[PDB]
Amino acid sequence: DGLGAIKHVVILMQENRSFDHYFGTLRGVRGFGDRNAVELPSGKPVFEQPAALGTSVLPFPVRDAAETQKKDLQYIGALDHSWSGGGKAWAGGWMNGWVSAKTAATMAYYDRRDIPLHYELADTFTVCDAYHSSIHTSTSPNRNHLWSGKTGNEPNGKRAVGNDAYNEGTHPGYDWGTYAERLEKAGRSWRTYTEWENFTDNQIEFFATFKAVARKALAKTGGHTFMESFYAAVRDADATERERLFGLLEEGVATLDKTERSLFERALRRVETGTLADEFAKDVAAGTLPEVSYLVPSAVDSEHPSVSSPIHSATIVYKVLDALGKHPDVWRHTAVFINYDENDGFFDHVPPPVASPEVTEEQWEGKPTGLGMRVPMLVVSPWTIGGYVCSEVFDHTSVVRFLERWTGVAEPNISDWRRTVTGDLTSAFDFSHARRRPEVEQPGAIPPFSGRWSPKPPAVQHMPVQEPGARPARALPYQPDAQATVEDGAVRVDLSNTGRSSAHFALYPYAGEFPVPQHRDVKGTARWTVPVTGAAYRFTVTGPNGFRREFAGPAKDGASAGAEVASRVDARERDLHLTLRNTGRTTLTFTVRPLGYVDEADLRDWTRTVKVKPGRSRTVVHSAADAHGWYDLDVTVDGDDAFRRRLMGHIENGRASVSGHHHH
């Protein structure tokens, strides 16, 4: 598994940016050109968000709005990022409440001219475009997953879905335990790198073991009971009062027992402001970088839109990666994960994989606590060079799962559902070939601050154009399929997935089959019974990595109900075997037409018309090998516009491939 090449993992979680907000226009990721986008109940594509008075907001660039409103694109402000606001944007799974819940600024986005370091990093290393924040809400519950594998309950017994822990004087801290405490018990080295100001982002500080450590360490300081209280005083003190404060701290630190002292040194001692990267660089140069490093930048360095900016973040990212590259022998054995805690209130078009209501562990007030919106995740390391995309579903607990595989130290906090639906991040890596280490360009000057502002859409709206082209793609642990069978009052949808990992299916009803979209996780086989209440059915099933099955047609013994399409994927050949069946009394004529991945001067050789008589079946084999596994097929019956079957997907063979963007 080649994980023995890793000696250091460095985790750098920035704040409050959604995937499309930054990378919707990036070549070769699931972005503004996504051909697996879901259609809203209004029939419009998810990108066309309902606004007030029957209007719509499309994604629009921050740069133009900044010019229009005469403001700086670096300093847009924050939007609602609350548990309730998220449920409103999410709208029961229909993903059409974004403008109402978040304002129209939710659709604003940056592109490569705006954030060139961000784009160059994705082009050089590996970017994850199915990486979700852990829960659709604010910072603290998301950071809980990264540090401990879950967000549990508040002391009042309610689910921890807000920032209540930030009242550090009155909150007693969370009691379900952190991963770093297990690393400590197992003898593995770790350290938090964090400055005097750290924007309540060092989540370990809110856990009960560490509150007890801080209180004892601070006992002599005149009343401070948690570190942020003490460091607020340090930040405001003159030189003389700082020396006094730090001398009183060190007297308290000397009273800690061996375990408390170690936890204090690794989680709670902050470095002077401005020196996070220099402190990290010093450990790199000394050969003392630990096995696991948490980098927790200050507010202004955090990328959070209320206190920071993209260029502030790019600046600290550069200094961290530069500090690493200054010592090649540490660089050759270090993986760096760069992600975001949540999406703020910024729109993203991918409906997240959610826990269905039967998964009570991951429901709160009738809403899923499981996988929020996509955020950018970049994996920077000697083993991820190449500009690859990795489309395996991950969340913040996937970082903990990486550490489980690497160190052997388990995190029992991760829920069974979450562990089933997310991966362990090992698929982003390729341990087999060395390359030269890329040089990363240093960011430009930080513009002078000229106030926060909120972008408003242009008067003339335009769909953004994603940078054209495909991207090399990592192999995925999925092999999904779905077939329909119309059966007396309902359609029986047979879901299958022969991959080594469970795959998430979502069903979107467009003929009143259900009131909201249905979600299911499948390893092996599973069955949806979709009740057809009228004369027709029309719904769409999505899955990972562009997988799509569309279903339309007539109901009981009513019209052309004889038509049956079955399918089987063959991984070794990357062939789709379509069994076309006639369950009726008339001699149907099927047509199979490519909708994509076939050069237009060529479709007729790949379009197939086949005649099937009553009680019989013909098999047509579609080869996707020329398209490296990608297929997009339309199956219809002549003289009938009710019946349709669309089949889109990528057949996996265990080897790297390309993304789906060479559709046209």
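Note that residue numbering begins at 1 and tracks the sequence as displayed.
*Asks:* Of 306 to 314 and 446 to 454, which one has the bigger average CA B-factor?
*Replies:* The entry gives the higher C-alpha B-factor average to 446 to 454.
*Asks:* Comparing average C-alpha B factors as deposited, tell me which of 569 to 577 and 411 to 419 sits higher.
*Replies:* Per the PDB record, 569 to 577.
*Asks:* Quiz for you: based on the deposited Cα B-factor, which of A323, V330, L263, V465 is highest?
*Replies:* Comparing C-alpha B-factors across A323, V330, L263, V465, the maximum falls on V465.
*Asks:* Pick out which of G247, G87, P472, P155 has the highest C-alpha B-factor in the PDB entry.
*Replies:* Of the candidates given, the C-alpha B-factor peaks at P155.
*Asks:* Would you mind checking where the Cα B-factor of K150 ranks among the modelled residues of its chain, as the lowest, middle or highest third?
*Replies:* Lowest third - that is where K150 ends up once the chain's C-alpha B-factors are sorted.
*Asks:* Using only modelled residues of the chain, where does the Cα B factor of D20 rank: lowest third, middle third or highest third?
*Replies:* According to the entry, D20 has a C-alpha B-factor in the chain's lowest third.
*Asks:* Lowest, middle or highest third: which one holds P357 when the chain's residues are ordered by CA B-factor from the entry?
*Replies:* CA B-factor rank for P357: highest third.
*Asks:* Please say which third, lowest, middle or highest, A506 falls into when its CA temperature factor is compared across its chain.
*Replies:* As the PDB entry reports it, the C-alpha B-factor of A506 lands in the middle third of its chain.
*Asks:* Among all modelled residues of this chain, ranked by Cα B factor, put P116 in the bottom, middle or top third, i.e. lowest, middle or highest.
*Replies:* Its C-alpha B-factor, which the entry lists for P116, ranks in the middle third among residues of this chain.
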